[PDB]
Each structure stands twice: as structure tokens, then as C-alpha cells.
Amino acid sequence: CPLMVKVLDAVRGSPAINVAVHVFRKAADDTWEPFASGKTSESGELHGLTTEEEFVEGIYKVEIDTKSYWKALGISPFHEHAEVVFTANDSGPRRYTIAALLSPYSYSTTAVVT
């Protein structure tokens, strides 16, 4: 599993459950095209987005549908989504974890590359 995503809720102190996550890869022009997607588990994790064969060098955008998440909880959100854009495999393949921490008017994201 070369790309994992983990989403935490800073208002409730819990994983962010059932959050929709869409991954895009940048194409020959510049257009963003869909690559992978899923919903966070009860642990706030999304595994099996890709396989190593499919996850080649490139620029990727991970867009976290945080707006719908807060909306489901009846909380007023600021962002349309959180968007994490990065080059992967700059030097061949690695394991990537993209972690996001969500609040209504703020978010932070970090990458663990191993």
C-alpha cells in the first residue's frame, strides 16, 4: 500500500469517519484526472487506494471532502475541501501517508514518507 490517507477531527477528538477522499494525477497538459478514491473507515483511514504498479512518479492532488463531513455533523465549515498536492517518487517509489487534521476554519496536513 504505497498511498494511505488518515483524517482526524480536532473538534470532536476523533478520527474523521466516512470522509470522501479523491486523488488526482496531473496529465500531459496540466489537467487533473481522477486516479483513486474512497471513504475513511471508523479509524479515519483510507487504505487500498492504489497498488505499487499503478502508483508511478507524478504530481498528485489528494482532495478531502471536509465540507460534507462537517455538514453531516451540523457544524458550519469554511473550506470547500482540503487539498494536498505533491510530487511522488521524485526518487523512485516510497510509502506515503498523508495525514490531515480538521477544524471548521483550519486544517493541517503532514506527509510521512517511508
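Between two forms, the rigid core is the largest collection of C-alphas that superpose within 1.5 Å. All residue numbers refer to positions in the sequence shown, first residue = 1.
- Looking at 83-91 and 46-54, the one farther from the shown form in 8 other deposited structures of this protein by average CA distance, after a rigid core fit, turns out to be 83-91.
- Stretch comparison (6-14 versus 19-27) by mean CA B-factor in the PDB entry places 19-27 on top.
- Per-stretch averaging of Cα B factors for 30-38 and 57-65 places 30-38 on top.
- Annotation for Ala111: CA B-factor lies in the lowest third of the chain's modelled residues.
- When the modelled residues of the chain are ordered by C-alpha B-factor, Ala82 sits in the middle third.
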